[PDB]
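A quick write-up on the structure given underneath.
This chain uses plain numbering: 1 for the first residue, then up along the sequence. Whatever order the structure lists them in is the order used to number ligands and atoms, beginning at 1.
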Amino acid sequence: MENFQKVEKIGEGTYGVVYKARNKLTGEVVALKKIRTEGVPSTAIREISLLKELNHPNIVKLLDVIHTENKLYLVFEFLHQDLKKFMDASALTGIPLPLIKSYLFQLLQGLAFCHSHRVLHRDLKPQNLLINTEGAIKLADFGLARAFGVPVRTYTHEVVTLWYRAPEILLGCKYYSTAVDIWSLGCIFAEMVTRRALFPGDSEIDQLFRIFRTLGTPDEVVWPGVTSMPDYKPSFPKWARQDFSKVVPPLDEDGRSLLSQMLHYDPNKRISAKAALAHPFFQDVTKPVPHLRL
Ligand SMILES: NC(=O)c1cc([N+](=O)[O-])ccc1NCc1ccc(Cl)nc1
């Protein structure tokens with residue numbers, strides 16, 4: 001590192017390996033992601049560079065985009081833990097409702113900000129949500145999907161998680177909208193509540209059918225235009241919708257109501273982040289401190 005000092009290898013992101021590193025000069029501790037290939041598309045560097053100006057308290061700060069030696073590195077502010085690890089650590093007792101609500105409220109503020117600036121995430125998941133000791137939670141990797149390209153694999157034959165993908169993406173829609181992020185966040189909200197992934201599909205069709213088995217196979221009534229989607233097949237089985245009370249028990253009606261609006265099939269009916277922030281569920285929102293063991 002011409003200016004760093006790898007503290008250790010965090011993990012293996014969807015784009016490349018991620019390291020915790022310390023800037024030798026400033027002494028700042030950061031997350032360094034080496035991006036995956038043979039020249040680095042100039043189209044990508046310009047788009048990524050624009051994300052440096054996208055700051056909000058609930059968005060992981062992109063500190064630098066380094067294009068040198070024909071390689072691409074992204075330098076991000078560092079946070080000590082992700083929501084996936086936190087949920088596993090809170091598996092026995094569950095994350096307290098006040099903290100679940102605080103986190104959801106903060107993530108929606110983060111999404112409202114990105115979306116108002118025409119920036120989508122497209123691949124939200126527990127591992128991309130970072131938390132600190134102060135009770136803050138932040139979204140990591142916003143806009144990388146568009147700037148770069150389709151995921152599929154990390155960089156070393158690793159299985160892409162489809163659990164949080166919106167149905168319109170699974171049905172082959174080529175144009176993503178802000179709604180895909182709201183869907184993923186609804187899936188995460190449900191998971192924090194029940195302590196089990198809502199739709200743990202192990203293939204694109206299994207993912208789609210797990211959604212259908214729970215929310216009902218969509219039709220033209222609830223989702224105008226669904227039967228004309230690229231990958232829609234008239235042969236899809238027709239499952240009846242399950243009662244929401246059985247999906248995320250023992251969540252209260254305010255919570256179930258908000259979740260139902262975040263999981264509407266029609267992306268156009270799906271609630272926006274701005275509107276979700278005003279939902280009665282957040283009437284008593286607070287900002288608790290989590291018990292974090294680092
Ligand atoms: N910005 C970051 O700090 C960060 C970035 C990526 N990533 O993919 O670019 C992954 C995890 C991250 N932190 C959470 C974390 C998790 C585990 C450990 Cl040991 N230490 C920190």
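No side-chain N or O of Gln127 forms a donor-acceptor pair with one of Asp82 less than 3.5 Å apart. Side-chain N/O atoms of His115 and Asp181 include a donor and acceptor closer than 3.5 Å.
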Contact table, ligand 1 N/O with protein N/O, distance under 3.5 Å:
| from | atom 1 | to | atom 2 | distance (Å) |
| --- | --- | --- | --- | --- |
| ligand 1 | 1 (N) | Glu77 | O | 2.9 |
| ligand 1 | 3 (O) | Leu79 | N | 3.0 |
| ligand 1 | 3 (O) | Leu79 | O | 3.2 |
| ligand 1 | 13 (N) | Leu79 | O | 3.0 |

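Counting heavy-atom neighbours within 6.0 Å of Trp223 CH2, excluding the residue itself, gives a total above 12. When the shell of 6.0 Å around NZ of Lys52 is examined, it contains more than 12 heavy atoms from other residues, nucleotides or ligands.
Cation-pi geometry between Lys34 and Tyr19 is not met: the NZ or CZ atom fails to fall both under 6.0 Å from the ring centre and inside 45° of the normal. Cation-pi geometry between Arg36 and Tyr15 is not met at under 6.0 angstrom from the ring centre and within 45 degrees of the axis.
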